[PDB]
């Protein structure tokens, strides 16, 4: 494919390699601040792909750092005019552009309530840098495609590095170091999502569990954004509590399979909706040696290239 989306997606391994080297000192310093600060919770501020990145941070910081983590509801402030008690907590503002006024207004509120504030932004110069305490630059470069690809993976890579520095888990440190090579391997692997599966498919469900669910939300957003498919992401545990009735009528399901602690639970539910008659399409990791916490990113890196081709086959310009 010759779209901006695919071209930008293919630069993600090398954009991240430069990011991990360039940010090593920044995130090394931040991890010690967090080890001293000992945040009571982490609140994520962002929209769209950045908000989905925050769902990844929830699983990351709760599993790896034991810190309760969640997403802000911007309307609480911008519509209802309320402040939250955020003293003793960490606020992470995620924004590729980093200049939208809604985003800046919530950063000011978070700082005014006593939170330690960090921003993950692609433009380090934007005025958000004057509000927050620490800026971690995404270093993804300009994103010209409508669909975020590299800027999302660079958000995850920054979150993983902050997590590796903060917790100091050496296993997680090696996974972050292996990220560029793992992503490059994903780019070179064979396609998984093929357009023939998605012909005449107006809506579908993306099923995942754990980190795989967090990446499902981003896959679901991309299916909407570049394929005009009404795709909705569910945890495979949550799907059984009502939504599974849609499998009684024809339903396509995109299965996000991650080889981590969640695998056992997740495959049990994939078998169930399969017996119930759903048309499964299986996404999985791209190489055998990939660390479980990094496997979600490689799956997405592969999906980004494959979904660009699916968009073209459906007559949509993903850009």
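Residue numbers count along the first chain shown, from 1.
S.K.: Tell me whether residue 167 is absent from the model in at least one third of the other entries compared, counting only those where the residues either side are present.
M.R.: Residue status for residue 167: no gap in any other entry.
S.K.: Is it the case that, in at least a third of the other entries compared (those modelling both flanking residues), residue 156 has no coordinates?
M.R.: No, modelled in all of them.
S.K.: Averaging C-alpha B-factors over each stretch, which comes out higher, 43 to 51 or 23 to 31?
M.R.: Result of the comparison: 23 to 31.
S.K.: Could you check which stretch, 229 to 237 or 99 to 107, carries the larger mean CA temperature factor in the entry?
M.R.: Mean B over CA atoms: larger for 99 to 107.
S.K.: According to the deposited entry, which of 156, 90, 76, 172 has the largest Cα B-factor?
M.R.: Highest C-alpha B-factor among the listed residues goes to 172.
S.K.: Among all modelled residues of this chain, ranked by Cα B factor, put residue 68 in the bottom, middle or top third, i.e. lowest, middle or highest.
M.R.: Residue 68: CA B-factor falls in the lowest third of its chain.
S.K.: Taking only the Cα B-factors deposited for this chain, tell me whether residue 268 sits in the lowest, middle or highest third.
M.R.: Middle third.
S.K.: Quick check for you: using the entry's CA B-factors within this chain, is residue 253 in the lowest, middle or highest third?
M.R.: Middle third.
S.K.: Of the three thirds of its chain by CA temperature factor, lowest, middle or highest, which one includes residue 137?
M.R.: Within its chain, residue 137 is a middle-third residue by C-alpha B-factor, going by the deposited values.
S.K.: Name the third of the chain's ranked CA B-factors that contains residue 38, choosing lowest, middle or highest.
M.R.: For residue 38, the deposited C-alpha B-factor lands in the highest third.
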